[PDB]
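Please read the structure below before turning to the comments.
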Amino acid sequence: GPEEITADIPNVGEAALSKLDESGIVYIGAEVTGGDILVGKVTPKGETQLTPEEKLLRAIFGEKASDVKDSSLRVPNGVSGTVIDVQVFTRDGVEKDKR
Amino acid sequence: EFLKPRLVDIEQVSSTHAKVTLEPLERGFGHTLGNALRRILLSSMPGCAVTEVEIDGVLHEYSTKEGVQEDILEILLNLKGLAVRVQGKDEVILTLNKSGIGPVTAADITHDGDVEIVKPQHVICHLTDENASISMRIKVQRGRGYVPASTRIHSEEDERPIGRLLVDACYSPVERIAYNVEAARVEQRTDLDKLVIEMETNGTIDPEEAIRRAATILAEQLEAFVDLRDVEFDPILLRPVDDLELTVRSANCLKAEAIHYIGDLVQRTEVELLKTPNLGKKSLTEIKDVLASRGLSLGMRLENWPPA
Amino acid sequence: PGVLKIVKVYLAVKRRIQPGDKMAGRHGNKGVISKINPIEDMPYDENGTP
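Chains as they are written, first to last, in PDB author numbering: chain A, 846 to 944; chain B, 7 to 237, 248 to 324; chain C, 1044 to 1093.
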């Protein structure tokens, strides 16, 4: 399927979501260091056999039940400093990003 | 039998330049006192400097504001040279707002209660159109030495909102200081020495007060010489033994072996406690099972064991 | 065709001078810094400029 990007990333605490907007990329001017998450990108996974364990997982948790993976770009080691710009570009036809 | 220096004939050349004279001095003490005072004054002098700022529309230091003639990075550099004098407080906030055409200087900073701007012609930005405005909030602090913005971390205990600009702090009002040694004018004494200390600050400190501060710092440092003389940490450990919900049979066995603490049990490797009477192969598994639940496997090695 | 949407992020880091950093003139003389001495230890002329 498609690799949509959004702020809502499963299995990541509210501490790492402090510096992301409604689209899923860091605010301009946020001072970053270490390995903080920069872009929230999800990669779909394949599953078509809804076993009862997966059924109860989807019942107690969200509809996806964290099936999707999280291929989110992180700050590489030894790199610090405030962000400057974000350069989102969109393919024609698809709904444009909020920013 | 040593003459005491008296701070006399202090004269001021300009708003920054200053000359302090120490009339009575002995043979070799002039250079000693001059060097000590110069090093003390250049190293550690209290002063006020801008710590962080907040401009209305900016997000970081690497941006620009429409209508101003300088980058935000440049504006921080012109602000770093701003010198203020605060009385009775240490976290004074200096808010300035200006609109129109022409340079914006420190003279238009809002008149706070007790804050004296040494020079009011210190330009910090320029405006270039009639309808643009600049609104910033400057925070000044009091310190002792050079404190870079990057080094400090305690200021990040409470999260800084995006928009708070961090600027380095110098805190040292003394920029240049030199001393000179001449012969005193006293003729009744055979030969006497006088010392004059040319001091150039940014106008934030009084030269006499600066000399007094250096002298008291030196005296307090020397106070330590006038009387020489002188001639199991983890919370999971150190817990009561009867907290692992063991069986009745293990309770008496541990008491006989005198395992009264959790950490004593974890230090026993599997080949040696089996020799204990009536330990039980299945019961031994129970002790291993409950200790594996806490993540404490048998066979660890400690170094120091306090009684408590 | 395989790419649906792209995002790029830029960082800005200020590198203050420090002992290991290399400094050179424009006459073939170079070198690495060895120590950032305080102001009060640098040699000073008669007027006191270090």
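Idealized CB from N, CA, C, for every residue including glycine.
Your pair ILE144 (chain B) and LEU100 (chain B) checks out as a contact, with CB atoms roughly 4 Å apart and the cut at 8 Å. DSSP places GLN227 (chain B) in the uninterrupted alpha helix (DSSP H) bounded by 213 to 228.
Taking C-beta atoms as the reference points, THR851 (chain A) and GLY869 (chain A) count as a pair closer than 8 Å.
At a cut-off of 8 Å, the C-beta of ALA875 (chain A) has a neighbouring C-beta in chain B.
By alpha-carbon distance to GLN894 (chain A), the top candidate from A:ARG903, A:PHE934 and A:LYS886 is A:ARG903. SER916 (chain A) counts as exposed, since fewer than 16 other C-beta atoms from the protein chains shown sit within 10 angstroms of its C-beta. Sorting B:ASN208, B:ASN41, B:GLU215 and B:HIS276 by C-alpha distance to the C-alpha of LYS125 (chain B) places B:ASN208 at the top. For the region 920 to 935 of chain A, residues whose beta-carbon sits nearer than 9 Å to a beta-carbon of chain B comprise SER925, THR927, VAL928 and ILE929.
At least 8 Å separates the beta-carbon of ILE130 (chain B) from that of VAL90 (chain B).
Contact annotation, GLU58 (chain B) with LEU171 (chain B): C-beta distance approximately 6 Å; criterion of less than 8 Å satisfied. For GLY1063 (chain C), not one C-beta of chain B is nearer than 8 Å to its own C-beta. Note on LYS71 (chain B): 16 or more other CB atoms within 10 angstroms of its CB, so buried under the neighbour-count rule.
Closer than 8 Å to the CB of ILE1082 (chain C) there is at least one CB belonging to chain B. Close partners of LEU65 (chain B) in chain A (Cβ separation under 7 Å): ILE873 and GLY874.
The residues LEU314, in chain order, have a CB closer than 7 Å to that of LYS304 (chain B) in the same chain once the five nearest residues on each side in sequence are set aside. The Cβ neighbour count for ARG44 (chain B), taken over all protein chains shown within 10 Å, is at least 16; the residue is labelled buried. Less than 8 Å divides the Cβ of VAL913 (chain A) from the Cβ of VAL887 (chain A). In the three-state reduction of the DSSP assignment, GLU80 (chain B) falls in the helix class, which pools H, G and I. In the DSSP assignment, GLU302 (chain B) falls within the unbroken alpha helix (DSSP H) covering 297 to 309. Residues of chain C with a Cβ closer than 9 Å to the Cβ of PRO897 (chain A) do not exist, since the nearest Cβ in that chain sits about 35 Å away. Chain-ordered, the chain C residues with CB closer than 8 Å to the CB of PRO847 (chain A) read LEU1047.
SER178 (chain B) counts as buried, since at least 16 other C-beta atoms from the protein chains shown sit within 10 angstroms of its C-beta. Non-local C-beta neighbours of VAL192 (chain B) in its own chain, meaning closer than 7 Å and more than five positions away in sequence, comprise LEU198, ordered along the chain.
Along the region 94 to 108 of chain B, there is no position whose C-beta sits under 7 Å from a C-beta of chain A.
Rounded to whole angstroms, the separation of the alpha carbons of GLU898 (chain A) and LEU289 (chain B) is 42 Å. With the rule of 3 Cβ pairs closer than 8 Å, the region 179 to 191 of chain B does not count as touching the region 916 to 930 of chain A.
In the DSSP annotation of this structure, the continuous segment of the alpha helix (DSSP H) that includes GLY40 (chain B) starts and ends at 35 to 49. Spanning the alpha carbons of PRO1044 (chain C) and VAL939 (chain A) requires a straight line of approximately 13 Å. Setting aside the 5 residues that flank it on each side, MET1085 (chain C) is surrounded in the same chain by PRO1093, each with a C-beta closer than 6 Å to its C-beta; the list follows chain order. Of all residues in the region 167 to 189 of chain B, only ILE168 and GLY169 come within less than 8 Å of chain A when Cβ atoms are compared, listed by chain position. Taking C-beta separations shorter than 7 Å and ignoring five residues to either side along the sequence, the partners of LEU865 (chain A) in its chain run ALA852, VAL871 and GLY885, following chain order.
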